[PDB]
Amino acid sequence: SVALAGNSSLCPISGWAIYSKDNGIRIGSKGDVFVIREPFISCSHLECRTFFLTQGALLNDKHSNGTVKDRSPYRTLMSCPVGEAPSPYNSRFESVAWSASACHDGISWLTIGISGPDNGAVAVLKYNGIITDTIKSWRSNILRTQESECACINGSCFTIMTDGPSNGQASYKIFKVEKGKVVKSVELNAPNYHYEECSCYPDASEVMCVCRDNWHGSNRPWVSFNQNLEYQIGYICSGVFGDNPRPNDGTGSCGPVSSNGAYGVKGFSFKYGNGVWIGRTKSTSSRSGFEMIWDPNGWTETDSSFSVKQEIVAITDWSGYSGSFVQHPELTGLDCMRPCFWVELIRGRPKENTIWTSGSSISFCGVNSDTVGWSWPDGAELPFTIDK
Amino acid sequence: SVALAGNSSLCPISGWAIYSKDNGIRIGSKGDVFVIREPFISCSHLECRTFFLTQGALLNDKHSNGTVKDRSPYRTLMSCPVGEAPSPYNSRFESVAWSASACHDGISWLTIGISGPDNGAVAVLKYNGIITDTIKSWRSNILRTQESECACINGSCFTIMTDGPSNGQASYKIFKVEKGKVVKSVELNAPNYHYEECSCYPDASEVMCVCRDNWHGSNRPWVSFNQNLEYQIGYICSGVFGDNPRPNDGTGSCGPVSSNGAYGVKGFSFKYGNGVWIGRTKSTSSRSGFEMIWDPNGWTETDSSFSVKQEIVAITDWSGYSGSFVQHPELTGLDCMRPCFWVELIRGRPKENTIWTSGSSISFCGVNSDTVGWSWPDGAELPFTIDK
Amino acid sequence: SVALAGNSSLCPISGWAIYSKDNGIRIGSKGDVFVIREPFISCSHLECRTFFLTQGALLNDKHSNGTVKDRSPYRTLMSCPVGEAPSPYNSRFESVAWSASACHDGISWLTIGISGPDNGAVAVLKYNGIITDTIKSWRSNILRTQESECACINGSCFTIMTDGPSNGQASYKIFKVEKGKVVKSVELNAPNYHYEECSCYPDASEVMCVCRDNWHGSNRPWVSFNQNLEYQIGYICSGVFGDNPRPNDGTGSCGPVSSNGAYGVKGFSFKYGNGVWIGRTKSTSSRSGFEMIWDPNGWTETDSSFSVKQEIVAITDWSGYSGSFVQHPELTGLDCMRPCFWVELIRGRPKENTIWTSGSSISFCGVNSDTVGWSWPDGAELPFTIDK
Amino acid sequence: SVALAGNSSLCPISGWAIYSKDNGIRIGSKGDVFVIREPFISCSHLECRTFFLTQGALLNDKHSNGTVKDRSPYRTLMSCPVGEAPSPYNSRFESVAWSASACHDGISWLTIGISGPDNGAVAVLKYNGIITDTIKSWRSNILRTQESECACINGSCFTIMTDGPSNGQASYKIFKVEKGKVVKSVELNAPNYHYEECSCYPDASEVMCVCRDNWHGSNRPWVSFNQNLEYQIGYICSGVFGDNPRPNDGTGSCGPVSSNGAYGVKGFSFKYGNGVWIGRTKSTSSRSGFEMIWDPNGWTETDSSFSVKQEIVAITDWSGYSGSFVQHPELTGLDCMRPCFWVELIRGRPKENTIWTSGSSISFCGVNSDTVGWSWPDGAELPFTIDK
């Protein structure tokens, strides 16, 4: 009926309250559950959903064998209610996709699903499930996108795509989409920067995206922009380094930190003035553990000092991708934009002795009331019957 | 649209008509059914639902192994339609929780889910699925709540939480909640009393809660209160003792009956003037059997005499927790508050030779027409394939 | 919103067009499907549903073992959409019941579920899922009802219950129900008659019920009545005998035909003037085959001549119970009452080498356009894995 | 509420964007998924659905054995949401059918399901699930229909049925249906032509159907007609031959091309002026591969030259039936009729070493933006556990 306004500011928060846990892998030991990756949450004005990519194989079946291309023609974007195990019996089909994003403008769902060959992949955009536009690769080298929700403000939704090497300079574009039609795009002028798998959120009528530098940055890049795609770029300055892998905390940089800068993990962070909430793994080397850190000057200053840490997953347990999501005033009844996040808990290959790899999910919302750290890990006992 | 009024009196009844039976365990021998505990029913102005806690494991799977903490990070509050087996394919996610309560104010669902560590657990309150408040532990010793429905009157919902020892004096609070926000709380001044797992129901614009004394009472404690949290406390006086374990019926007390007073089972009872409907197990020592007893003076007098008994489950079959639920006039069309109850039929450990423990459920509503006693037990044949 | 009027006459028809087939047993060889009996169809002003009784066990599981009481505390009335396999994942819970009826008045569903002991069983009546009344046994000898839909006319719904011997004279009552409350009942004065498992349908503001004589009739008894429960009784006169078992067709009677009169099968027939559509098995001795016969004088004349036969199930395949259902003008848009019927295809014990017994279903609607006979049998290949 | 107008022209397009992929077979290796054929898509003004025929057997079960009649009494038309694996837990029942069509007029669904014996089969027509008419065989030799969607224009829906030999001259009729009632039919005068399994679509208030000649044509026949059933017939003229099997491309004919003309595969094509979009297999001999070809003069000229080819499935992978579907302006918001297509990917017998045969599906919509060819095959690894 009416577009989400997108004009409120992020809510003042003090900590993170647990929102969901699906136990998808534990349930999938016996039930009929998809093998999934990137279980990103996104919400409308009425409800929240978990989106995910599947190869159309179930846990404990031979088709879950992971020695197959990530970018396969079987890969599909699907969604199910938040907190449920992702099954063929409760999941909706969204798009054929090996890279994706989705977001709700207040009226209907936009989904973006990229499929096709590496040298010519096409993003199919859908609005309320009907194809409304396509974007084809402009460098012929793996067109790819956020793997989390796009950001909507007053009926325009915004996303970021990358095309080019994942181990060197690439090309980055921002897209403005209305009723699933591309109305504007801009190519970033970002020499020496690298953007992948952006987590973008609206805040006071502009978008902020925090991304992954897979080339040569162990801190995270960011790009922010207004409704006309006039943008700014930088890297998060804090010495509390956000990517995985990374060095031990040390002197930061408002450009890419080259030490342990290659590879990465999808991640997010929330800017509050000169301060920043960072979610990151607990290990510097593997996707293990998860913590939220408040660094009151960490957006702009390069020291390694921070003031608050909240435990989310212990370093003895596997974590994985994570991303932002918001809950607008039209859903919550609040006067401010609520920040939330999800974490993927990756099980299986390469770290564990299975034929498959899947994630389960947890999610949290920021609140200004009492909270507590704990560890909420995946909890499945591997290997499974199919691995014997 | 409009809040439940909560101002009517309990319906005059003569007996208990059977309302539901889910056969969850029998079905879960082959189907994909959660291992559950505390299958409490609660209703809105339109429908009733069964809420429950799961560890996110299914029957007949290795993850159902019960030599694990009750208070785990895997534990979740879920709900499904009354009378259906609780499966990942028909259950909705509500909250991450190892102790919970839920209730509908006429407008939306309030859910309360407690997770986190023993020394600092946090109740996450949700209204229509959106986080609206948190309550953190105030004694740092296992914040916990009803495991049945909270009580709503004219848009305010009420619950009771405990924090402190389960084998000695603890601390008890009543909470008043509006649109999922705590608007008032009071700490009971109840020396020598013990409250756990309260069953609370509205009756004539006030709430009555009947609970479990785990310290030193084989009769049940109660607390009643008005909308401003001005309260009264006591224990049910009847010599028809309500808890399990308990002594043989004898002289009662309007304080805790110390004989066989340690441990307990979640239970309920309904006050009608000086009279009381008690639901209890049939065994004095184990959670076996279930019966409803009408004691016309049993709220206030300490004799062991009663006038009506209705069989629910035979003493040769396992029972478990039980709790109250009501059905308001906005749902039923009646001019009075309808009392109902559920019973959990616990199967597996510690009494039986399985690796797991789960409950199925039955429920009954009070009526003023003809009724009959019978035994409606769980009916599964144990052990299961996973226990071999 | 508005009650079904129930004042139209049965549609003129010439034959029977196939309406549904669920293939429940074939699907249940692998899927998670209830063991069921009496899959009766009933419709509202918007949709049709299949109701059924289950013991809360699934096909191919140990709990499906049939050497158990029919009248057990596990037995439940459930419903699912017409034409779907009856699973815990698509079925709704209605009532705890070992004998049942249901019907929709235009506004909400009435369900009637009988449970409890043989010497004191209680029918629980629900309207829109809320308990609205109870009827207790009046002879203390197996209170039981239709196992098919009740009949509704202008907001009053009507049913027939029996209490007493199934091998001798019993007691028969008609009940008039409004918003799930009994407003009137009458006991039939029917010496030497026997009524069980009535199929009742509305026609021109009155109800006609065709039933099973289990005592001493191989033709079917009937009772018809107006809104004030003023009734008439008889037996279908045709020599085309309707029950199973029965003798070969011969001279009929407008009283019970004693030859092969003991035992029976639930069945139906539709009166059109002095003429009758009879559905019956093809075998005189076992529940095998199914056919529809039009006998233009068969309501009132005792000859064995008929004019039309339409094959439904071949005599080489198992049939079972069958019952009427109607589709009112408020659902169909027609100016007349549409007659339909379902058939249960019974598989397993006692005729086949399994531990279990279940039915699948087929259904047909009367039409005045071209039709064709065929055989639409169950089609499962027995025995199943659990029987090995 | 309001009928689809059906008066717009096909959208100008340049290529085909991927719309769905269900991975039904891969998922059905472990989950509970029907064995299916003819997964045709059809849409309303609100949503799209996949319709299909099942024998009521699941993958990996003994009942999936394919040495059984295609025209069995077990065969049923069912439907599920586009892009989901077709399971008993997410599929709706539509009709008992071994040949079918369905379409939505803007108000409700029409379904047409043919069952019964070869010498007298009856199409049961339903509108909003209620039987509204029947059509019986007029040649007593396998009455059969489209196996894809019928075409609706301003409240009248249109379909084509065949009756007679599949290896010689037969009889062909067009039917006009309103609210599920046949209002008009015409028999084609088409000597030497053969029509089976028509794909029909509306375009500018008329219908075009492209079909399969099973007798003696390796090009496809067509019939077009207006709302009064005044018709024209021919064969697609292009030397880019459309059927399977077929000869190598060569000189075409605006009559049947006899070389490799016997047998066939259900297919479609879209007429744009004198030009045509043809979907066909890549192999000339087996149902392998799939491609879309634009031949700018191919409706009317017989040369073998074409200008655009888009890969859909590689020749090393199995394809199967394919059919048209449209998306009207009332669904899309466009000013033109959107052309789409589905393809069935047939796995199992006769080409592969299994006891069963099933299809999965992919679908595509025409767009005027950038697109790309690829191969999106079924992807299951055969044989399955049941075949061992």
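Going by the order they are written in, the chains are A, B, C and D; count residues from 1 in each one.
One rule holds in what follows: a residue touches a chain if its C-beta (ideal position, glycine included) is under 8 Å from a C-beta of that chain, and two chains touch if they have at least 3 such contacts.
J.: With centres defined as the mean C-alpha position, give me the chain B-chain C separation in Å.
T.: 40
J.: Suppose each chain is reduced to the average of its Cα coordinates; what separation in Å results between chain B and chain D?
T.: Inter-chain centre distance comes to 56 Å.
J.: If a residue has to touch 2 or more other chains to count, which residues of chain C qualify?
T.: Answer for chain C, listing residues that touch two or more other chains: 32, 87, 89.
J.: What's the contact topology between the chains, one of line, ring, star, complete, other?
T.: It is a ring, because the chains touch in a row that closes back on itself.
J.: Between which chains does touch occur?
T.: A-B, A-D, B-C, C-D
J.: Please output the residues of chain A touching chain D within their complex, sorted ascending.
T.: Going through chain A, the ones touching chain D are 32, 54-58, 60-63, 72-74, 76, 78, 87-89, 91-94, 96, 115-117, 120-122, 124, 129-131, 133-136, 179.
J.: Please give the residue numbers of chain B that touch chain C in the complex, ascending.
T.: Contacts found on chain B: 17-23, 26-27, 29-33, 47-48, 81-85, 87, 89-90, 327, 331-333, 362, 365, 367, 369-372, 374-377, 379-381.
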